[PDB]
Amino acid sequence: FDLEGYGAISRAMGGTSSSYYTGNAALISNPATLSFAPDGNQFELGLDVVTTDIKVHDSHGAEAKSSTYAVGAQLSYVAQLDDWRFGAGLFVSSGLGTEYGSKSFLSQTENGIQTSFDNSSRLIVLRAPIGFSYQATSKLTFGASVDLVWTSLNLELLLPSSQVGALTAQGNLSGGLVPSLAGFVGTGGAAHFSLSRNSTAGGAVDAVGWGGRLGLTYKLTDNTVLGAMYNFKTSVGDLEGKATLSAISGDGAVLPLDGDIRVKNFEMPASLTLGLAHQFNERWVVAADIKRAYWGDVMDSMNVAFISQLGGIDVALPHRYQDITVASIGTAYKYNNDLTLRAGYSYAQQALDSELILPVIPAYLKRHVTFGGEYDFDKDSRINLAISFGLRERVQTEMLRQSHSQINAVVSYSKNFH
């Protein structure tokens, strides 16, 4: 979602972030970094663009071709008040997700009828940090940040009867409606969710949250820095909106019901990263961070409740223990006095599998490989660059094979106010 450091610049160097100037994006990173910022007041201005490519194939020529793009932004201004550095920003990750069309084997009944229903998802995060960085000694900086959050989810899932069957079997599905139209669907049917309503005026199924953050740094040597930060599991609230469940019979008939979803305990990971920035040269600077996503850490259940005039349906997915580890290294050579060149590789590696291959919910990529530079044309104006690579992956276990990749591409601009 954003466990990739973030920063037009912190993206260029493998996602590294913990101990070196990473731009104003250190507000959602390590706010202690903001103390390595030029004097006066930096004003960052970022524009993100991701595209994503998913191929799903199984039981012969299953042909699910998704290929969306998303687009984010960055409006930030970190201001220096002596040893204090105050700052705030707006950050966007809008359009992220999937779209398969209503032509897919994903849009065929469990018995195999081509439905007109769509398979697609799209999320919109809206972080808004208020942060500070505090210079303390000639060797140690500290920073915190707190952010209001706002998420918006539209999605068009379809579940071939047997999946629903498995969900009732597990004890995860329930509700008035399950008995009632079990026979209308019938083994060989399918139910289909559609929370659309992107008109936020409607319901949209959206929520407000609160993230947190704080970190530090140590100049162990004069040519070596020592970063650490703990992102808090962001307390997202309930996603309440308006959706439309639609059961589908063996021969292709459709009952459209209209109600309200309430998604509960969408667990976001707390994370703790550590690393360093050795500088054995006045061009060659190199960063290396390890990150540990404190993932599954509460013993709740994500609870999706659909309530209609005709009764409720309800799904409860437990919070399995889980966690990931992103080893990220990055590099920035100074070709000249106006030019830095960055590159980075990073390898995430999660444990305990959790291989619930959800086509409409893409999975985090392990190997990333990123490049990028910087260029000055004003010295009080400045402009950063990055591109990263989601490296080819296979994941598969109903039987389903999926193979997908991602490709981020950022820009930002800092007009400095001395």
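All residue numbers refer to positions in the sequence shown, first residue = 1.
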### Query
None, 1 to 3, 4 to 9, or 10 or more: how many residues of the deposited sequence lack coordinates between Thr397 and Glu398?
4 to 9
### Query
So which stretch wins on mean C-alpha B-factor, 135-143 or 202-210?
135-143
### Summary
Between 25-33 and 379-387, the record assigns the higher mean Cα B factor to 379-387
## Note on the structure
Of the residues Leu45, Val360, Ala62, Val49, the one whose Cα carries the largest B-factor in the deposited record is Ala62
### Task
Determine which member of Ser107, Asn223, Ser308, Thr98 has the highest CA B-factor, using the values in the deposited entry.
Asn223
#### Entry: Within-chain third of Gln80 by Cα B-factor, per the entry
highest
### Message
Quick check for you: using the entry's CA B-factors within this chain, is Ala70 in the lowest, middle or highest third?
### Response
lowest
### Chain-wide C-alpha B factor ranking for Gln163, given as lowest, middle or highest third
lowest
### Query
According to the PDB entry, is the CA B factor of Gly112 in the bottom, middle or top third of its chain, that is, lowest, middle or highest?
middle
## Note on the structure
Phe232: CA temperature factor from the record, placed by chain third, in the lowest
